[PDB]
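# A structural walkthrough
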Amino acid sequence: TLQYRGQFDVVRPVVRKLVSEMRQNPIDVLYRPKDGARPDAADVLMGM
Amino acid sequence: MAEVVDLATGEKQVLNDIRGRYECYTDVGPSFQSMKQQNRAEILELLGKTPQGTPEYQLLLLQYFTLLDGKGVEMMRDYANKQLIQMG
């Protein structure tokens, strides 16, 4: 088109924010044993 | 020995158990992943609210006892146990 089209573009900054937050709060898995399982049941698993 | 109590049951064939059931009323509380999870935290709660007195130390050992597998946890959990039994 022929008329000017520009970018105040407010939203990214909040996007980048959130990401920047989730990036430094990794959060992985855990695999606890179980109510009846012997203590060292997961380590194997998690180990890999 | 000539005395005992507190044994579990099979209840052989499918679908059986006494009709003297409901012995558990229903309350609510923070959701836990499993039992060992709850017991763990339930002890932490008990710590802090207790002085550095004796009963404290047991809780403590109890805590290590409850910890789940690891190079670290195993050895200490193992000490914690040894200690606790020897505590009698």
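Residues numbered from 1 in each chain as written, not as in the entry; some residues may be left out. Chains lettered and ligands numbered in written order. Part of a larger assembly, values for the part shown. Heavy atoms only, no water. Residues with missing side-chain atoms left out of burial classes, pairs and counts.

Per the deposited record, the coordinates in this entry were obtained by X-ray crystallography to a resolution of 7.497 Å.

The name given to chain B in the PDB entry is Portal protein, and the organism recorded there is Enterobacteria phage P22.

For chain A, the name recorded in the PDB entry is Portal protein, with Enterobacteria phage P22 as its organism.

Counting secondary structure elements, chain A contains 2 helices and 0 strands. Viewed in the frame of its principal axes, chain A has a C-alpha envelope of about 70 × 20 × 15 Å. Put simply, chain A has 48 residues, and 4% of those count as buried. If you sum the accessible surface of chain A, you get close to 5100 Å²; carbon and sulfur atoms cover 57% of it. (Helix = DSSP H or I, 4+ residues; strand = E, 2+ residues; numbered from the N terminus. Buried < 20%, exposed > 50% of the residue type's maximum accessible area, 1.4 Å probe, protein only. Areas by Shrake-Rupley, 256 points an atom, 1.4 Å probe, with all protein chains shown as cover.)

Moving on, we get to the overall build of chain B. Counting its regular elements, chain B contains 3 helices and 0 strands. Projected onto its principal axes, the C-alpha positions of chain B cover 50 × 40 × 30 Å. Looking at chain B alone, contacts between residues at least 24 apart form 22% of all its contacts between residues at least 6 apart. (Contact = heavy atoms within 4.5 Å.)

Let us look at helix 3 (residues 71–86) of chain B. For helix 3 of chain B, which comprises 16 residues, the first-to-last C-alpha distance of 23 Å matches the rise-based estimate of 22 Å (1.5 Å per residue) to within 8%. Just past helix 3 of chain B, the residue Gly88(B) takes up positive phi, approximately 85°. (Expected span 1.5 Å × (residues − 1).)

Overall, the coordinates contain 1 salt bridge over all chains when judged by the stated rule. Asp40(A) is the salt-bridge partner of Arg38(A), the closest N and O atoms lying 3.4 Å from each other. (Salt bridge = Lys/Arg side-chain N within 4 Å of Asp/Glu carboxyl O.)

Listed per partner, the contact involves 8 residues of chain B and 9 residues of chain A. Roughly 700 Å² is buried in total at the junction of chain B and chain A, and carbon and sulfur atoms are behind 50% of that figure. When the buried area of chain B at its contact with chain A is split by residue, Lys36(B), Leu68(B) and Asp69(B) rank highest and sum to 59% of it. Connecting chain B to chain A are 0 salt bridges. For the pair chain B and chain A, the number of links is 4 residue pairs in polar contact. Among the elements that take part in the side of chain B that touches chain A, helix 1 (residues 35–46) of chain B stands out by supplying 4 residues, more than any other. Partitioned by chemical class, the residues of the side of chain B that touches chain A number 2 nonpolar, 2 polar and 4 charged. (Buried area = accessible area lost by both parts, 1.4 Å probe. Polar contact = N/O pair within 3.5 Å; in protein donor to acceptor, adjacent residues only side chain to side chain. Nonpolar A, V, L, I, M, F, W, Y, C, P; charged D, E, K, R; others polar.)

Okay, a nonpolar patch on the surface next. Residue and element names in this part refer to chain A. On the surface, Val29, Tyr31, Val44, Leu45, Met46 and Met48 cluster together into a nonpolar patch covering about 650 Å² of accessible area. Mapped onto the elements, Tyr31 comes out in the loop between helix 1 (12–23) and helix 2 (42–47). Classification of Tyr31 as partly exposed rests on a relative accessible area of 46%. (Patch = residues over 30% accessible without salt bridge, like charges linked within 9 Å, V, L, I, M, F, W, Y side chains within 5 Å.)

Quick look at the packing of helix 2 (residues 54–66) of chain B against helix 3 of chain B now. Residues and elements named next belong to chain B. Between helix 2 and helix 3, whose axes approach to 7 Å, the crossing angle comes to 135°. Comparing the axis directions of helix 2 and helix 3 gives the class oblique. Regarding helix 2 and helix 3, the two cross each other, and that crossing is left-handed. On the side of helix 2, the interface is formed by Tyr57, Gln58, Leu61, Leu62, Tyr64 and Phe65, while helix 3 contributes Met76, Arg77, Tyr79, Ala80, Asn81, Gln83 and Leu84. Considering only residue class, the contact of helix 2 with helix 3 consists of 9 nonpolar, 3 polar and 1 charged. (Axes fitted to C-alpha atoms, helices over the stretch in contact; angles between N-to-C directions. Parallel < 35°, antiparallel > 145°, perpendicular 65-115°, else oblique. Left-handed = near helix turned anticlockwise from the far one by under 90°.)

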